[PDB]
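Now for the letters of each chain:
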Number of protein chains: 2
Amino acid sequence: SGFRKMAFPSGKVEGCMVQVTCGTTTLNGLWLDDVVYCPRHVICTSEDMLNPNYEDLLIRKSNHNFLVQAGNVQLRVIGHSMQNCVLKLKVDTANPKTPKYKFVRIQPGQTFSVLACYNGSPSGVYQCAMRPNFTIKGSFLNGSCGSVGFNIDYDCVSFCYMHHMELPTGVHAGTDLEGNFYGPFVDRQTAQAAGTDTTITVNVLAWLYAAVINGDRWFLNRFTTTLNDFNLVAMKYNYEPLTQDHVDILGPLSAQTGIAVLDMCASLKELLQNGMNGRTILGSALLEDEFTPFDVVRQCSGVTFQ
Amino acid sequence: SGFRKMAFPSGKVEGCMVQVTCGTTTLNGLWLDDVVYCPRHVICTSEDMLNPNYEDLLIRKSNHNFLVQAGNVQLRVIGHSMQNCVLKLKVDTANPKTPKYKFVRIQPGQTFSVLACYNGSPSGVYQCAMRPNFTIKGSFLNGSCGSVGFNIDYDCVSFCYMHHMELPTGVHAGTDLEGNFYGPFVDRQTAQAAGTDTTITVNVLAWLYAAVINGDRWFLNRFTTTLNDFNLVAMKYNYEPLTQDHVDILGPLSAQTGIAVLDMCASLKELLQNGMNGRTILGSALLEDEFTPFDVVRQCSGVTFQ
Ligand SMILES: *C(=O)NCCCCCC
Ligand SMILES: *C(=O)NCCCCCC
C-alpha cells in the first residue's frame, strides 16, 4: 500500500555523468560509448548568449578547448560536432559503464525521472512529467545544465530529456538527446516565456484510481456522465479533453477497481465543481496530474483493498 | 529554482541489493562486505508468524537453508546469526561494490531516501521522513521487505531503515540496521497499530522558507509572535512544539530570506487559523512537513529571488 512520487533507480545513469568544461563554463555531460553529449551553450560567453551563431562559435574551437572529467579521470577529446542544440564530444575511451540505452522523445503528459547533477556529480533524483506546454516543473540550480531525464524499461535506459535553461516563471526547458527542444524555446537570451498550461486529465483519472486502490473512496458517486458532457466540464476548468484512447488506456485500472471510466469521470466533475470540502486524496488537497496510468499500474500492482 | 521531493541518487545502494530465499519466502537483503542483512521474519512460516520464537526457529536452520542471489550469482552462505530483528548471513565473498557506509538510527522528523526493491531488484526511489509516531508513509508491496532507507553524506551511505511490515492503516514499520524497531512494533502478528501522529512544525517552517526562496510570499505578514504564544496555537492544531534549538536550526534560512523565525511563525499561525483561501504554496494546498531545514538548504542553495 501507499502511493509516492517514485523515480527510477538512478545508478545506471549515475555511471554516465561527467563534467564538461569549456573556457570558464562548467556543466554536465552524458558519456555513452565513446561520445559525451552536452548542451551546446557550453561554448558561449554571456555576450555570446545574447545572440549566438553557434556554427561560428564552434568552428573557432578545437578538441583541446574541451576538458571532460569522469570522476577523477580526464577523458581525451578526439572529435567534436553539433547536433541541433547538443554538442557531441568524441572521446578516446568508451564508457565501461554504458547501459543498454535508447534516445526517445516523450509526449506532453508523460513522466520521467531526472538526475540532477552539478560538476558531473549526481545530487538528487526526482520524478517530472512533461507539461502540455512543453516545460517541466523541475528543481534545478545554476550548473545543472546537462542533467538528464530518463525512464528505465527493463535494463534499458530511454533518455528523453537534457536540461538547458530556466524560464522566467521558474519552470524548466530542454531538449531530447537529439538536441531538439521540447516546445518553442531556443538556447539564447530572449523574452521567451512558457505558454498557457492545462491539466493532464487522463493522469488525474489515473491518480483517482490509485486512490481507490489505496482505500480513498469518499469522492466516488453513483452518477455517470457521457464523454462529451465530461469534456464540456473539462474545457471550463482548463483540463485537456479526454479521448476514447484515454478511456481504453484506463481500462485495466477500471477493471481492477470495478469502477467504469465514465463513472470516475463523474466523480472528477463533482470534485471540479465542489472542491474537496477540507478532505484529501492520497495525501493531497489538490487533484494530482503527474502520474500516468502506467505509473499507477506499476506502483499499485498491490491489492485493491475492497 | 523549483522545489521537489528529491531523493539521493540510489546507485551506491543498488549495488548492495540481493535476494534472500528461505523455504518458500523470498525477500531482499543488503550485502555489505561479506555479510547480508535481512529481516529475520524470512525464517517464518505464516503459522510461525502468528507467534514465533525466533531463537527456536533459527536454531533449526543451517547455512544451506539460505539461498542468496546477487544478480546472476548465487552467494555461498557460510554463517548465520541474529541481531535483534535482523538476520546476518555471512557469505564467502565480500561485495566488491560496498560503499563507504555507516548504520545510523534517525529521529522522528528526519528524512531519508527509500530504495524499494523486489526479488533483490530495485524498482523505485523516493523520499520518506520518519513520522513522530515512528511509522513511515511509504509505498511498498508484498515482497518489499528488506528494502532499505538511507542518506548519503558525501560518498558515505548512512543506512537508517530496513523495511519489515505494513500496519493496518497502510503505513509502514521497520528497524534500524541493528535490527531495533522504530516505535513500539514487533515482527509478529498482533493487533498492533500506529499511535496518534502529529505534524513536524520545524519542517513546515523550513518549507515556508523554501517557498519564500522560490517566490511564494502571499502568506507573509507584518506580525510577529512569541515562541510561547506560537506553541499555544501549535498544540491546538496537533503540531509539535517548537524549541529554541529549532529556531537556531532555522537561523540560516531566516538570514538568507531576512524573515525572522518568529515572524514566519506568525504566518504559520495565520495559515492554521484561516486556511489558504484557495491558494497554493510550492504546488501544495496543504502545509508540507516532510522537508527538514537541511533538505531545504541543500536543494535551495539558489538565489532568494528578492
Ligand atoms: C546551466 O547550468 N545554466 C543555464 C544557463 C544558460 C542558459 C542560456 C540558454
Ligand atoms: C515483506 O515482503 N512482507 C511482510 C510480511 C511479513 C510481516 C510480518 C512481520
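Conventions and cut-offs
Residues numbered from 1 in each chain as written, not as in the entry; some residues may be left out. Chains lettered and ligands numbered in written order. Heavy atoms only, no water. Contact = heavy atoms within 4.5 Å. Buried area = accessible area lost by both parts, 1.4 Å probe. Salt bridge = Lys/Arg side-chain N within 4 Å of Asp/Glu carboxyl O. Polar contact = N/O pair within 3.5 Å; in protein donor to acceptor, adjacent residues only side chain to side chain. Helix = DSSP H or I, 4+ residues; strand = E, 2+ residues; numbered from the N terminus. Nonpolar A, V, L, I, M, F, W, Y, C, P; charged D, E, K, R; others polar. Buried < 20%, exposed > 50% of the residue type's maximum accessible area, 1.4 Å probe, protein only. Pairing = 2+ DSSP bridges. Axes fitted to C-alpha atoms, helices over the stretch in contact; angles between N-to-C directions. Parallel < 35°, antiparallel > 145°, perpendicular 65-115°, else oblique. Expected span 1.5 Å × (residues − 1). Near = heavy atom within 4 Å. Areas by Shrake-Rupley, 256 points an atom, 1.4 Å probe, with all protein chains shown as cover. Least-squares fit on C-alpha atoms. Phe/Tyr/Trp six-rings, centres within 6.5 Å; stacked < 30°, edge-to-face > 60°. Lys NZ or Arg CZ within 6 Å of the ring centre and 35° of its normal.

For this coordinate set, the PDB header names X-ray crystallography as the determination method and states a resolution of 1.6000 Å.

Going by what the PDB entry lists, chain A is known as 3C-like proteinase and is assigned to Severe acute respiratory syndrome coronavirus 2. As recorded in the PDB, this entry has the title "The crystal structure of COVID-19 main protease in complex with carmofur".

For the rest of this paragraph, the subject is the interface of chain A and chain B. Contacts between the two partners involve 40 residues from chain A, matched on the other side by 40 residues from chain B. A buried area of about 2,700 Å², summed over both sides, lies between chain A and chain B, and 51% of it is on carbon and sulfur atoms. On inspection of chain A and its partner chain B, the count reaches two salt bridges. We note a salt bridge from B:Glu290 to A:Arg4, for which the minimum N-O separation is 2.9 Å. Remark: the boundary between chain A and chain B carries 23 residue pairs in polar contact. Secondary-structure elements contributing two or more residues to the side of chain A that touches chain B are helix 1 (11-14), strand 10 (121-129) and helix 8 (293-299) of chain A. Residues of the side of chain A that touches chain B, tallied by class, amount to 15 nonpolar, 17 polar and eight charged.

Attention now goes to the pairing of strand 1 (residues 17-22) of chain B. Residues and elements named next belong to chain B. Within strand 1, six of the six residues are buried, which leaves the element mostly enclosed by the surrounding structure. Burial along strand 1 is two-sided: the residues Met-17, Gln-19 and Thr-21 and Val-18, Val-20 and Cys-22 are all buried. The sheet contact formed by strand 1 and strand 2 (residues 25-32) spans six bridges and is antiparallel. Of the residues in strand 2, the one forming a bridge with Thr-21 is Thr-26.

Quick look at the pairing of strand 9 (residues 111-118) of chain B now. Residue and element names in this part refer to chain B. Of all eight residues that make up strand 9, eight are buried, and the element is covered over most of its length. Of the two faces of strand 9, both are covered, the one formed by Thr-111, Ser-113, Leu-115 and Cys-117 as well as the one formed by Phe-112, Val-114, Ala-116 and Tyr-118. Hairpin connection, strand 9 to strand 10 (residues 121-129): the antiparallel pair is bridged by two residues, and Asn-119 has positive phi, about 55°. Across three bridges, strand 9 lies against strand 11 (residues 148-152) in antiparallel orientation. Within strand 11, the position partnered with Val-114 by the bridge is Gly-149.

This part covers the sheet that holds strand 7 (residues 86-91) of chain A. Residues and elements named next belong to chain A. The sheet built from seven strands is open, its strands ordered 5-4-1-2-3-7-6 with antiparallel pairing. Edge strands, defined here as strands with exactly one partner in the open sheet, are strand 5 (73-75) and strand 6 (77-83). Looking at each pair of strands side by side, their axes are set apart by 30° on average, direction ignored. The pairing of strand 2 (residues 25-32) with strand 3 (residues 35-39) spans three bridges and is classified as antiparallel. When the sheet's bridge partners are listed, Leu-30 is paired in strand 3 with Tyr-37.

Bringing the packing of helix 4 (residues 201-213) of chain B against helix 6 (residues 244-257) of chain B into the picture now. Residue and element names in this part refer to chain B. The geometry of helix 4 relative to helix 6 is characterised by a closest axis approach of 10 Å and an angle of 5° between their N-to-C directions. Classed by the angle they form, the pair helix 4 and helix 6 counts as roughly parallel. Between helix 4 and helix 6, the residues in contact are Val-202, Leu-205, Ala-206, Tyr-209, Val-212 and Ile-213 and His-246, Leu-250, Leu-253, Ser-254, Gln-256 and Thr-257, respectively. Among the residues making up the contact of helix 4 with helix 6, the classes are represented as eight nonpolar, four polar and no charged.

So, about helix 7 (residues 261-274) of chain A. Helical geometry note: an α-helix holds 3.6 residues per turn, so side chains three or four residues apart project in the same direction. All names here are of chain A. Counted at 1.5 Å a residue, the expected span for helix 7 with its 14 residues is 20 Å, and the 20 Å between its end C-alpha atoms agrees. By the burial criterion, the buried members of helix 7 are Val-261, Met-264, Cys-265, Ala-266, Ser-267, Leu-268, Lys-269, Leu-271 and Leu-272. In the core, the buried residues of helix 7 are packed alongside helix 4 (201-213), helix 5 (227-236) and helix 6 (244-257). Note on helix 7: the residue one or two positions beyond its end, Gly-275, has a positive phi of about 75°.

Residue and element names in this part refer to chain A. Surrounding ligand 1, one finds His-41, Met-49, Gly-143, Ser-144, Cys-145, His-164, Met-165 and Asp-187. Contact distances for ligand 1 include 3.0 Å between an oxygen atom and a backbone N or O atom of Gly-143. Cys-145 places a main-chain nitrogen or oxygen 3.0 Å from an oxygen atom of ligand 1. For ligand 1, the protein covers 75% of the area, taking 320 Å² as the surface of the free molecule. A class-by-class count of the residues in the shell around ligand 1 yields three nonpolar, four polar and one charged.

This part takes up the relation of the copies chain A and chain B. Once chain A has been moved 0.0 Å along the axis and rotated by 180°, it coincides with chain B to within an RMSD of 0.0 Å. Overall, the copies show the geometry of a two-fold rotation axis. If distances are taken from each C-alpha of chain A to the rotation axis, the shortest is found for A:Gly11, at 1.8 Å. When you check the interface residues of chain A against chain B, 100% turn up at the interface there too, and the contact is symmetric in its surfaces.

Tallied over the entire structure, the rule returns 18 aromatic pairs over all chains. Taken together, a centroid distance of 6.3 Å and an interplanar angle of 80° make the contact between B:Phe103 and B:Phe159 edge-to-face. Of this pair, B:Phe103 sits in strand 8 (residues 100-103) while B:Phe159 is found in strand 12 (residues 156-166), placing the two residues 56 residues apart along the sequence. Judged by relative accessible area, which is 24%, B:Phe103 ranks as partly exposed. With centroids separated by 5.6 Å and ring planes inclined at 85°, the aromatic side chains of B:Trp218 and B:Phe219 adopt a geometry described as edge-to-face. Given a relative accessible area of 27%, B:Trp218 falls into the partly exposed group. For B:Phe219, a relative accessible area of 4% translates into the label buried. Here the aromatic residues A:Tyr37, A:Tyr101, A:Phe103 and A:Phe159 are joined through ring pairs into a cluster of three or more. Over the face of the ring belonging to A:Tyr182 we find A:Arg105, whose NZ or CZ atom lies 4.2 Å from the ring centre.

Once that is clear, we can look at the environment of A:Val204. Residue and element names in this part refer to chain A. With respect to the element layout, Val-204 can be found in helix 4. Look at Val-204 and you get buried, because its relative accessible area is 0%. With residues up to four places along the chain from it excluded, the contact list for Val-204 reads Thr-199, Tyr-239, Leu-268, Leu-287, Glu-288 and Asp-289.

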